[PDB]
Every structure is written in structure tokens, then in C-alpha cells.
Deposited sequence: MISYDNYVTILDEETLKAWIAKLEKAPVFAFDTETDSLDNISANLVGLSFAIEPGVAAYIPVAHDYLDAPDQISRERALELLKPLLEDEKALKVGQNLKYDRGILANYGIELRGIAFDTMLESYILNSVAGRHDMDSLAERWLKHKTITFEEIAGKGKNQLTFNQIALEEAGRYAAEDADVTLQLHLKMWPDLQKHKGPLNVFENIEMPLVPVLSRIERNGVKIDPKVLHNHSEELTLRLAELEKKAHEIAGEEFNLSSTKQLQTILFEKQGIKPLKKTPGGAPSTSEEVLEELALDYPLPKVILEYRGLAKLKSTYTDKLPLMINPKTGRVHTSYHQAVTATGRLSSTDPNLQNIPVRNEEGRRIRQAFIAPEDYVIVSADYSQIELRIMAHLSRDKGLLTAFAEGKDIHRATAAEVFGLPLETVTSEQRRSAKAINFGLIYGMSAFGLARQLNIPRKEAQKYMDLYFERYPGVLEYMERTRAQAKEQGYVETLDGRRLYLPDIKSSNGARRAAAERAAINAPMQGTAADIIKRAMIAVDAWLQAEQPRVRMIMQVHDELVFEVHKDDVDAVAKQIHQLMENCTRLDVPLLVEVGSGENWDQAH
């Protein structure tokens, strides 16, 4: 176990000051905060823990208020004595998910500096796919130590206690162990993170500096109009009713809009071909093939889609508005994706349909406050530009260089015809090839996206590789080093380990080869986006203009800018994004604005 003998519980100023003195001369120190809620903006700090050396850690309770809780240093007195140390950029701190801790302190007017090491990110940069990067998983992987779980001291279910309700000593065991373990994890991982300059570079200049900027974006939140979302909800109810009637009217009787049950009994029973369509799906959608002529499958297609969107965003979004700020605070995850891109939840901004009309209405609900406007800064087809650079292809490089539409430029080369005459179908064919290459799509998978026969798709890809030889080379070379060293890297050095590259399993090894071609372009896009965020945030902090960075979704950064400042600010965001990141890839940033996210998008 871990008893009350392990760590000290600081209940007096004199002892706290003794520790602050030791903390001041430590080379690095682990630090952690305890609160009464996972919600950063409204959580209250219940206590703090520190670790100066493996096995030497302490817990300082400041707001435990259960019946008869012992005297504790007051939250205000503890923070004023600790403030200088916390705000000192020279005092280096180590922590697990420091983004959270930085925010809690910000609730009390404290600016946490010296945010040097985050064990979550150390683990993530070492090997993004090694497993989960949370402390409990980390302590077990690297230290063969099983940590005290929050459930162990607080309980489970609705009757679960909040930190302020837990006994001082019990809270101490948990909090001081976090600090201690975090320091031990750093001592084991930091030395390893130096065996390679690639990962070390990404960790030091991309991931760590991004920690406080993610905190600031999350805490800023985004303005959502609940009325608009409600109208959209009422209207969708009516549209779902109408659509259901249109389905019944086309055939007979009533039925659910569920395939492999009520649909096959209608659809193919009235002429068609037996198999159904899985909601596997992004490759063989039987329902949308029939949709080009057959009416029923087209209405069932649209019905399901609207049903999904209503319960996911229309009904959910209004419930996420924080009472304290009046805004929605999404959760960004910095150590979850395999390629290094940021993910998002509650809400998952990336699942809002882009090329769909309803998704546009969801976006219209993201509004700018009075006298402000929503500004969108996007990296135009960054992955494609990255592939152009990685393949060193003069053809692609020149297309982007002279500002031509790469999809029409590619079609003009593949099909051999003037750029002005390329048709929509030809452009659509080249476009499917271009994005297919990024995901390492098979010549048959391209046929399923283009609806053309196999070997006809193969005919296009051979014509493509002949016109753009540099792309085949990159593809072959990347699969090469992937087998030679078990991993692939981005331009900045970020690595994706591929354990199934020599799998001996067929499909399992195919996946690893696709990931081999894909990761370098996706990871590089990710690195670029993170560098722009740090650069834009740095300008924001230094110059203090009337602008907030509110979102990050796909390849765009969304802001709130004062209406009278839009022009100067747009010039600035634009320069920072395509000139203060990587100077090797030919980058283009498209900046737009409006009353809501949809207008600026």
C-alpha cells in the first residue's frame, strides 16, 4: 500500500515556507493541483501537492470542508506564499497534464510559468501508440507501480465524493503520490527522450509550448446561440416526420428506416439487387448508388443523416453551455491521435459535416459577441502541398507555385488536355486520386470511390505515376524505411511506430503500410498547425490586440476579432501562419470573416 507515513500533510505556514525554500533550489520539481470538479472554469482548488525528490512529496489541503475538518492554511494565504514560485519562469515544473493545472491557477489570477515537462507528452512523443498516456497506465508501464485511483478515495456512481469531502490524510496519500510518481516518470523518460534529436525537437518546441495555449483556447470557450439550435431542432422534427411519410407513400404500410430488417423487404422486393448497405460504409454504399435514379433509398439516406445530426449537435450543444461563462468549452486532447493531430470532444468539432447543408446550419450557431466578428484562417490543402514537397515533384510544385487548382492541373496532365478545358468529371477523377495517395488507397479502393471498374482505376494511377514519378518514389522509399527501422517521421522529427510492418499477417500488414505513407503528411500538417498556434498565441500575449483564438478544427484556426480591427488583424494572422512556421513547404492561408462560423468558413 501507501500509508500516511509516506508523505507529509502541511497544515501550517512555517512548514509550507520550509518547503517553498527547498522547492526554490531544486533543479526541477513535480507539482499537482486537486479540485472539486473536472470542469476547469468552475472548479475550486481544494489542495496542492509537490515532490522535490523521489519519495519526498507533500500535500497542502486548503479547502476541505467536511464536518469537523481540521484547520488548514487558507486557500488565499497558501496561494500568495506560493505565487512567486509558480509565476517564476526559471523555476522548472514537471506535471501530468499541466494544461489542467495551469487553468486552475488562472482562476486565481496566477500565471503558471516554467511549464517545462509534462509526463503525458513525454510518453506521447516517445511512442504515440505504446498505449494510454494517463498516469495510472504510465506508472504501471515504466515503474511497475499501481497508483491509487480516484475511485479508491472518492467512490463510484452518483454518490461519489468531491475532493473537498475526502479526509485530509486520504486525500494526501492520493495527491502526494501523483506528484511523486510524476517526478519518477520524468526521471525515467526524460533521459530516453534525448537518444534522438527528432522527438526531442517536437517535444521541446511544439508540444510543450502548446500546453498553455490549449488551456487558453479551452478557457476562452465559444459563443453558441441556443435559440438558433432550438429552431433547427423543431424544424428537423418536422422534416423527419415529412421524410417518414414520403417513405411510406413511395411503398405501402409503415416500417422503420432500419436496413437488413424493413428495407430489404421493400427495396429489392420491388426490384433491385439483394445485398444491403452498412451504416465497409465509405466504400460500398448500396443506398446511394440507387439514389441516382431510385427515390426510396434516397429519402432513407437523408432521413438517417438528419436523425444522427439532431441528437448529436442540435439537442446536445445547448446543454453544454457553461452557466458561469455562458459559453461552450470544448476539450482538446493533445496525446491521443497516432499521427500527432489534435482531437476534440464535448463537442467533437471535427464530426460536424463540412460539405453538407445541415452542417452549415450547425456552424451558423457559433456566433461572435456584440461588436466582434468570427474570423477563419485555413491552410488550403496543406497535406497535398506537403506531399508535393516530400515527393520533390516539379510538376506538383509548379502547379501550386503558379496558383493553379491542383485537381484540374493533375487532370490536365493525367488525361492530357488543356487546363481551361478540363471537365468536372475529370477534375473529380484526379481529386479522388490525389487524396487517395495520401491515405495510401489501393487501385481498387479508388474504383469504389469513383464508381469506375477495376483496372480502369489502375489505368488512371499508372498514368498518374508516369506523369508524377516523384510520388511513386516517395511512396516506395517510405515503405522502405518503415520496414528498415519500424517507424516513419514527419518533417519536424515526430515518429509513428509501425509494429505490424513485417506482421506476417496480410491485412494487418497492409494497414501498417498505408499508415507508413499517410503519417508523414498528416503528422507534418499537425506539426505545422501547432507551430502556427504557438506563433499566433505569442503575438496575442505580447501585443494584447482585441482578438481571442477560440477553436482549432482540421486545418483551420477560428478567432473572435473586433469589428473595427478586422483588416489589420487579418493581415497579421495571415503572415504569422504562412511565414512563421515551416519555410520549406509551399503554404497558403485563406482568411475569411462573418457574423458566425459558417459565414467566415
Quickly check which stretches of the deposited sequence aren't in the model, judged by C-alpha, and list them in order. 280 to 283
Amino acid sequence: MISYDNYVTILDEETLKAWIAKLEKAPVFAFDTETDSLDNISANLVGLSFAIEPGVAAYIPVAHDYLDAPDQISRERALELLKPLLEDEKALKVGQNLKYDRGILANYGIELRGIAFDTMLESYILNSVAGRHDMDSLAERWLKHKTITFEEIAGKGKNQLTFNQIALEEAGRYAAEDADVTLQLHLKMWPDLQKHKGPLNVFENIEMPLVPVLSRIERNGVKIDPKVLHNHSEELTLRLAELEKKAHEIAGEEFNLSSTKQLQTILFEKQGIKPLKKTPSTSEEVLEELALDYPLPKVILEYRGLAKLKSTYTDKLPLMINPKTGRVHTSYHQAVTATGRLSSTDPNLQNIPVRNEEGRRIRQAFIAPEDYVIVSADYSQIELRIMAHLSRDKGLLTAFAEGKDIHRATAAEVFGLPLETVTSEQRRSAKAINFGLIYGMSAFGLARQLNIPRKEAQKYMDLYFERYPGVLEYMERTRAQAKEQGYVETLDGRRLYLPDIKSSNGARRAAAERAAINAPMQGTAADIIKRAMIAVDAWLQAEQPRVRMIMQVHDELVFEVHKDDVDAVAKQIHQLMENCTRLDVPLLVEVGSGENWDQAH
From here on, numbers count along this sequence of modelled residues.
Entry B factor averaged over C-alpha atoms, 57 to 65 against 539 to 547: higher for 539 to 547
Looking only at CA atoms, which has the higher mean B factor in the entry: 570 to 578 or 39 to 47? 570 to 578
If you check the C-alpha B-factor for each of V129, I250, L491, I217 in the entry, which is highest? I250
Which one of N201, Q96, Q458, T325 shows the biggest C-alpha B-factor in the PDB entry? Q458
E170, C-alpha B-factor rank within chain (lowest, middle or highest third): lowest
Split the chain's modelled residues into thirds by Cα B-factor; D178 lands in the lowest
Entry-reported Cα temperature factor of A139, expressed as the chain third it lands in: middle
Quick one: classify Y332 as lowest, middle or highest third of the chain based on its Cα B-factor. lowest
Taking the chain's C-alpha temperature factors as the reference, tell me which third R427 falls into: lowest, middle or highest. middle
